[PDB]
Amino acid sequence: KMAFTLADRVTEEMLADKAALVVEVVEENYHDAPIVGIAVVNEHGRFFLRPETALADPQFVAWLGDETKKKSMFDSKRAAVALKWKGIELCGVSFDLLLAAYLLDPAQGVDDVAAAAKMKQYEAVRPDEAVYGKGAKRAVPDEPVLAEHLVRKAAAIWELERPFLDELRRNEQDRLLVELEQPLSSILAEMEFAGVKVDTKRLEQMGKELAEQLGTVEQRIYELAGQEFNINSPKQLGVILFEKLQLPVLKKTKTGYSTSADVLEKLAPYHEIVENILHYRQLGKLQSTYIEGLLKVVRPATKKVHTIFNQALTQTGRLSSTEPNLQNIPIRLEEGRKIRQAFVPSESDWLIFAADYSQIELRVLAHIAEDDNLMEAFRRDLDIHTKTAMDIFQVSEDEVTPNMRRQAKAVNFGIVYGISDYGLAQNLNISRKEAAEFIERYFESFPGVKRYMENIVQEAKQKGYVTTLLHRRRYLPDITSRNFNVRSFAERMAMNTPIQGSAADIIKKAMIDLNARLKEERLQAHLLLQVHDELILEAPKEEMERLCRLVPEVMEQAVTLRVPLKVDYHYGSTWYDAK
């Protein structure tokens, strides 16, 4: 129904200096995945190319790698990475419809061309799920059906660039697309393709030791419970705790008794078994998610894991990381932290370098709220998390453990993002009356933060959305909801999203500036991971001293705020040691 040329060879009119390009990778994880078909739409017509002909054609490969031949695409990182796995470089992507839709409205959840096109009343393209099917039925359709689908997707991109750019421009987001998110997409593609090397010998030894400890603890649990059961069965775990042993019920779920860690910790005075259950779960989590789960996704020939950073998923502008998630590798308990010993440089005599913004969202908050006291604190480079731990636990600076400071961190963020006296009292195991007074004291020291929390909710009501420093946007329809509980969740989103989102904007700019600086200095150092406000690199040991000066400076100077930004950084033989 849509006209196109099913081409048998590449012709010069397919190699124009502006085109919509589709390089179709159907598998969810695009690492080392098949490219099933290619479509090109430009001024001269519409073309479908089989990958075996197009990607072996030297002129088509050259066109893909020529940055002066501009391509408009949807999810260009998926294409870039799949092409890297084919030994082909993609350059010249000047418009990514996925990132444009994400910026316009992240709540749309746009995950294919059809969903983006619907934002602009364009419906002459099918959803990918209607074409490929779902689950066990998923399959590449017959070539004529595939070709028309890929051509229709390219035609949609070709038509949709201008109205998406026009709305981006009206939102003050066109530079956010072109100078931040699209350059970041190329950097993430390099990081994902580079991967992180894993010490599978050490990981597997840890797993064998874990399984022994797990059985020991499992037996002591059966013995403390007087009987055996399925320690992961709620119905059975609930029976043991809250019926057999008759422990108090502090919380319910929609489905029954709650056994979350906060509940178990409050029951520790009543019975030894709850601490064993906690230890059992923590070891099991390491075993299932971080030993077995990681070994599953290691590529055996290179011993590398290749995450996918989802750049158009979170509602605040953060990235997320999937299969494996390398943004939640354990660190806080020593037993879990040892997992990071398995993350190693990819070459001999290279090292891992990790750099982290200090108290990033409080510094962003001080800038946006213009709170005199919070700005003065960071101008003094005070550690507000430590200062809050001193006050909470009534200790001196010297006595603050990493654990008190971790807890004080949740108090600081809890309060500025709208925690109630009830929530605070439950977190600190303190009186509700004390919790409320401490919150009141907190806002006496930082009245500008209070004013900002009030103003930003009003602004979200008037405008219908909130923005970040670099003009990311999040619509909050529920902020005028008549339902108190629904309105309240929206109000805490108005409080949090501009801060968490501006911190996401800053580190993204930092990554672009860092990559350019590393290229300027002709260093071999390169990014491996981003963990929200931390950057993890690897480099030859001979570059470490230059990186100690280069990286903190690039990160500190990415933006200029009313308070300084501050970067902590370490390096070492494994990720474990980069602290």
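Sequential numbering from 1, following the sequence displayed.
- Looking at 389 to 397 and 287 to 295 together, the entry lists the larger mean B-factor for 389 to 397, computed on C-alpha atoms.
- Looking at mean Cα B-factors across 136 to 144 and 453 to 461, the upper value is held by 136 to 144.
- When the C-alpha B factors of 226, 345, 447, 300 are read from the deposited coordinates, the top value falls at 226.
- Per the PDB record, 212 has a higher Cα B-factor than any other of 105, 174, 159, 212.
- Annotation for residue 498: C-alpha temperature factor in the lowest third relative to the rest of the modelled chain, per the entry.
- Ranked by Cα temperature factor within the chain, residue 356 sits in the middle third according to the deposited record.
- Ranked against the other modelled residues of its chain, the C-alpha B-factor of residue 164 as given in the entry falls in the lowest third.
- Sorting the modelled residues of the chain by their CA temperature factor places residue 381 in the middle third.
- Compared with the other modelled residues of the chain, the Cα B-factor recorded for residue 219 ranks in the highest third.
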